[PDB]
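Okay, here's what each chain looks like letter by letter:
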Amino acid sequence: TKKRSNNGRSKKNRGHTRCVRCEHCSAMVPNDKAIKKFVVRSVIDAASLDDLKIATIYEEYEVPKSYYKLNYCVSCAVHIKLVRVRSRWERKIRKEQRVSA
Amino acid sequence: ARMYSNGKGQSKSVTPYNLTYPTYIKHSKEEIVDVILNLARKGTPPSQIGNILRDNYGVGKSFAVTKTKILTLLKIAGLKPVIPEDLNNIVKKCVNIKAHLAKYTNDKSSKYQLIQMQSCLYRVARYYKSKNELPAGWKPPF
Amino acid sequence: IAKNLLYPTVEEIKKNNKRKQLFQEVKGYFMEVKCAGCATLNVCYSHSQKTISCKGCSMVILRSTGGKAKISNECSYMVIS
Amino acid sequence: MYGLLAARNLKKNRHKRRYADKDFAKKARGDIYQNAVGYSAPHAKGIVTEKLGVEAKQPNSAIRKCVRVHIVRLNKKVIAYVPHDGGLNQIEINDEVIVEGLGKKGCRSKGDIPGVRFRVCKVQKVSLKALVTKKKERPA
Amino acid sequence: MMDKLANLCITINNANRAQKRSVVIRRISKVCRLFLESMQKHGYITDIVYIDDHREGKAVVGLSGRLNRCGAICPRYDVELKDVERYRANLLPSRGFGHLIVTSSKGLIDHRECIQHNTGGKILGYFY
RNA sequence: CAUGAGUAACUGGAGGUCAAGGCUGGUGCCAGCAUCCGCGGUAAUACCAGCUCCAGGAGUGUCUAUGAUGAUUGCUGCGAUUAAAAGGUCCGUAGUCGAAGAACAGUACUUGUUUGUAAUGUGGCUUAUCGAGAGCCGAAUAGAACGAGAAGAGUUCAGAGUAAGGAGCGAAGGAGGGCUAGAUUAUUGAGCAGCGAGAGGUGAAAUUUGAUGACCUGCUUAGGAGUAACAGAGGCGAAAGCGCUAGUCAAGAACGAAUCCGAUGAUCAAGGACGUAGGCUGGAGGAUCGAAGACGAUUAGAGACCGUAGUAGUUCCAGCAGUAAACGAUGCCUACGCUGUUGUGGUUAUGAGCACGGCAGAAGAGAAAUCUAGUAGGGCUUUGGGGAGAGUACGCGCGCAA
RNA sequence: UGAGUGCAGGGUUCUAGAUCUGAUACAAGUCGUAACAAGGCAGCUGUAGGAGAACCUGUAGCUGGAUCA
Ligand SMILES: [K+]
Ligand SMILES: [K+]
Ligand SMILES: [K+]
Ligand SMILES: [K+]
Ligand SMILES: [K+]
Ligand SMILES: [K+]
Ligand SMILES: [K+]
Ligand SMILES: [K+]
Ligand SMILES: [K+]
Ligand SMILES: [K+]
Ligand SMILES: [K+]
Ligand SMILES: [K+]
Ligand SMILES: [K+]
Ligand SMILES: [K+]
Ligand SMILES: [K+]
Ligand SMILES: [K+]
Ligand SMILES: [K+]
Ligand SMILES: [K+]
Ligand SMILES: [K+]
Ligand SMILES: [K+]
Ligand SMILES: [K+]
Ligand SMILES: [K+]
Ligand SMILES: [K+]
Ligand SMILES: [K+]
Ligand SMILES: [K+]
Ligand SMILES: [K+]
Ligand SMILES: [K+]
Ligand SMILES: [Mg+2]
Ligand SMILES: [Mg+2]
Ligand SMILES: [Mg+2]
Ligand SMILES: [Mg+2]
Ligand SMILES: [Mg+2]
Ligand SMILES: [Mg+2]
Ligand SMILES: [Mg+2]
Ligand SMILES: [Mg+2]
Ligand SMILES: [Mg+2]
Ligand SMILES: [Mg+2]
Ligand SMILES: [Mg+2]
Ligand SMILES: [Mg+2]
Ligand SMILES: [Mg+2]
Ligand SMILES: [Mg+2]
Ligand SMILES: [Mg+2]
Ligand SMILES: [Mg+2]
Ligand SMILES: [Mg+2]
Ligand SMILES: [Zn+2]
Ligand SMILES: [Zn+2]
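The rules we used
- Residues numbered from 1 in each chain as written, not as in the entry; some residues may be left out.
- Chains lettered and ligands numbered in written order.
- Part of a larger assembly, values for the part shown.
- Heavy atoms only, no water.
- Contact = heavy atoms within 4.5 Å.
- Buried area = accessible area lost by both parts, 1.4 Å probe.
- Salt bridge = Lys/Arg side-chain N within 4 Å of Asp/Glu carboxyl O.
- Patch = residues over 30% accessible without salt bridge, like charges linked within 9 Å, V, L, I, M, F, W, Y side chains within 5 Å.
- Areas by Shrake-Rupley, 256 points an atom, 1.4 Å probe, with all protein chains shown as cover.
- Helix = DSSP H or I, 4+ residues; strand = E, 2+ residues; numbered from the N terminus.
- Axes fitted to C-alpha atoms, helices over the stretch in contact; angles between N-to-C directions.
- Parallel < 35°, antiparallel > 145°, perpendicular 65-115°, else oblique.
- Left-handed = near helix turned anticlockwise from the far one by under 90°.
- Nonpolar A, V, L, I, M, F, W, Y, C, P; charged D, E, K, R; others polar.
- Pairing = 2+ DSSP bridges.

Further remarks concern the interface of chain C and chain B. In this assembly, 16 residues from chain C lie in contact with 16 residues from chain B. The contact between chain C and chain B buries some 1,400 Å² in all, and 57% of this surface belongs to carbon and sulfur atoms. It is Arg 19, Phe 30 and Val 43 of chain C that lose the most area in chain C upon contact with chain B, and together they represent 32% of the buried surface on that side. On inspection of chain C and its partner chain B, the count reaches zero salt bridges.

We now examine a nonpolar patch on the surface. Residues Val 74, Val 78, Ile 80, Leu 82 and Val 83 of chain A make up a contiguous nonpolar surface patch of roughly 360 Å² in combined accessible area. Topologically, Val 78 of chain A is positioned in helix α2 (residues 74–79).

Here the focus is the packing of helix α1 (residues 29–41) of chain B against helix α2 (residues 46–55) of chain B. Two quantities define a packed helix pair, namely the angle between the helix axes and the distance between the axes. Residue and element names in this part refer to chain B. Direction vectors running N to C along α1 and α2 enclose 140°, while the axes themselves pass 10 Å from each other. In this view, α1 runs oblique relative to α2, as classed from their interaxial angle. Once α1 is placed against α2, the crossing between them reads as right-handed. Together, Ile 32, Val 35, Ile 36, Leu 39 and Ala 40 of α1 and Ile 49, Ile 52 and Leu 53 of α2 make up the contact between the two elements. Here the contact of α1 with α2 is composed, by residue class, of eight nonpolar, no polar and no charged.

This part is about the sheet that holds strand β1 (residues 30–34) of chain C. Residues and elements named next belong to chain C. The strand order across the open sheet built from three strands is β2-β1-β6, with neighbouring strands paired in antiparallel fashion. At either margin of the open sheet sits one strand with a lone partner, and together these are β2 (41–45) and β6 (76–79). Neighbour-to-neighbour, the strand axes of this sheet turn through a mean angle of 30°, independent of strand direction. Bridge analysis of β1 against β6 gives four bridges, and the strand direction is antiparallel. Within the sheet, the bridge partner assigned to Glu 32 lies in β6 and is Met 78.

Keep in mind these values describe shape, not function.
See below:
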């Protein structure tokens, strides 16, 4: 029986879409189906900022950040616990997740 | 719906309820009839005659003054073309597509458009050669 | 019958599409425009498909667009039909 | 096909549909005259050539008593079942027996006996029911 | 294009189910007029106005509380006077009430008038 | 009419369907019974018998064809989202189906009168003791002759111009298509320079490569693919499919409006054109990835999964081929239909509309799950009829083969 | 006008045949364990190689998936 109204993907009014590759296992997954995750990570860890304050030559310094978008296939997303199995009424709830660091 | 594609557009223009006589205008009957026959001899299609009469001379639908239709007036004056103007515009588009494909042979989309166009020609031809408006052995310019 | 169904209010008329009514409505009309300066009068159609220039002075009086045509800044008009 | 002047189209279509029915198909397109008892005849005469036994299908547990018959009308050899309690004792090799159908729509196996399609009715011109119950005797 | 007499029937059947009292019907032919005029004679509909719009035509009608259902038959079968009672028993709910309408050389008539005038015709539609 | 007298029932059943016994004795998965479901392994209301009951009765059981059962052949009257079942997409002939207004004609259509039926059958009455039986009466099918009516169907017309179609005009929008000329990085390969011991790969390791200087960091170059992030329940295309920037060449969709022609139209056997990927025939080329083949590990064994390496292919031009879970598993035109919200492109009395969408309820519907599935004798094509064998055999048509 | 009968062929229906190759039933024999749980490498459709055997591997697709995010 049909488990989801949208077939588990975001394609509508189209024939075909570009593929992308999974970060964890390099499998091909369609772009409109892949699980997506955003990361904004400081170059320097929080446990070093108190040393940075005496190491730097400049009057003040702003740490550089690094930015990423990651893609996962279903198997990897479930195994890494980005997503979890949910009850028949919960399946319908849609909410934006946090940006990781 | 549309004949060669999946279209369902609805853009048309409303025909009036009654037609009267355009008393606001600034020419006589005989002047309007002269304007038409001049534009005809210069070689304009009858749909363009209609556009000019509305736009420049200020007459809607070009019949309220004349009690006669544009193509019938051209037959009375003897200015009738050799081929009906619709069938004529279909042969032109075919020629254009064949002239493109002659130099850009690789275009599968243009090939597709040609076979649609050609079908439409024959369907129109069979109408006119039943109403005796074309000779029975007429064939396309190709 | 219902009065609402046989005789709609003028509010209802104005909200509907020109074809989807008990009797279909003409939207295009004719006007007399007068030129700034030379004060000559030209007959024009609303929704014009052609750009039009004033008799005599040759100022462009009316510009054609995708919808209702645009009268040049200084000029003025009256509906005639 | 529902138009008022559509009768010809409708008739040809509906005729072609019927071949999907197994019943109509077999009568039309199968070999309906291959059988000793069937469309051809209600009963068949034949001579006994061997005595035989067969296991019942699961979950039953039995040996069923059967006879090899040469059919006079076709020269095929067929298996038949012998109905009654001591019935096998009433038949000798080279006796003549008359044979009968099991009562299904097509020739089909009945009950727990695998692949046997007929049963014995009379031996040497006399009813097997009378022979077994000792109401009458062999012609001798 | 849809059949005009079919369109008439679905338009009034749905509006009746939705408990509306009046409707506008958008494409009208000669037999559609005569059908509506029949329903008025037997008191199934109350008021009729016709709009002469120069685009086909349209009608505005008031429904009564007595109308349960109506329908057109397609195609329009030819019937002898011997045949009409077969169709009567197939379409109508009771032997006591309701109308089966037939076209004839004497206009539209009901299954009782067929006996009076001694004429078959072509089957058109029904209401009860 | 008159004499004797006192004779005269069987077939199939008794666990359920299905009317009528847990009765007594044998037998112990044996022997048998049972259309179907099922009984019997020592406590059998089902076998073999006794005894009582049941059903029809001068009759009752069995086998075999057929009609019904059966809306499981569907004109009346079934189905095709998931149970069996909508052709991968277009074009198109035969075929079936086709506006409003005003008029006209009678061959179908319906009906009158007259013909057209011995027996059988149908409605009756009369005589054999009764009842079939016999005898007499009346009306009748299809088919044909001559009249009548004109709603529907048909033919014509133009001081008529579809929320039917085609031609054309105006301003604009889009990863729709072909061609020409350019581009920022990245992955490999070579040259040269610096440095002097490990690099790679994994869950953990070994094959493997390095003092002929690896790895990493510079500068030079040579190629062949690709267009990250922006990027979405966004857009375009008949479908398959389409994502860097400029220039160029044809045609199409939608919108605005007092342009022109007038039935030109819907659906479609046969016939024709397109169709991801993998494959095949010839040419160009060859970075990355990698069927086959070869090793290293793991295991009872791995021929596999993992790692090292490696060929055909993967790219382009000219063609052949014709299949996909080619799927929203929902044919194409055309209707009638509740509300709220959010998009994309035009137009706007700024109130709204038109085309193409998404989402959330409701009411109905349905075996439910759910809703492209509500209402319905609108038109046309494809298609299913319990599992298997079988989408297989033989014949035929296309293809170089597959 | 022609019966009969020569000699070649065809069209139909049956039947023989060394040997090979399908299917079905095999109480329970031998070797593994491919599917159904994330079935121990998620499964399935097309196409192409390979292999005691279920099957395995490349390439494009689908969710009837283990994700309506
Ligand atoms: K697809
Ligand atoms: K998803
Ligand atoms: K158009
Ligand atoms: K079409
Ligand atoms: K097309
Ligand atoms: K179309
Ligand atoms: K069984
Ligand atoms: K008895
Ligand atoms: K008994
Ligand atoms: K007992
Ligand atoms: K069946
Ligand atoms: K039917
Ligand atoms: K096909
Ligand atoms: K029109
Ligand atoms: K271009
Ligand atoms: K290809
Ligand atoms: K290998
Ligand atoms: K090994
Ligand atoms: K490998
Ligand atoms: K490699
Ligand atoms: K091709
Ligand atoms: K082809
Ligand atoms: K297929
Ligand atoms: K669309
Ligand atoms: K259904
Ligand atoms: K074959
Ligand atoms: K597997
Ligand atoms: Mg009972
Ligand atoms: Mg019994
Ligand atoms: Mg059924
Ligand atoms: Mg299935
Ligand atoms: Mg199915
Ligand atoms: Mg299908
Ligand atoms: Mg009597
Ligand atoms: Mg008519
Ligand atoms: Mg070096
Ligand atoms: Mg980019
Ligand atoms: Mg267009
Ligand atoms: Mg290739
Ligand atoms: Mg189709
Ligand atoms: Mg079947
Ligand atoms: Mg397994
Ligand atoms: Mg597995
Ligand atoms: Mg499941
Ligand atoms: Zn992965
Ligand atoms: Zn001026």
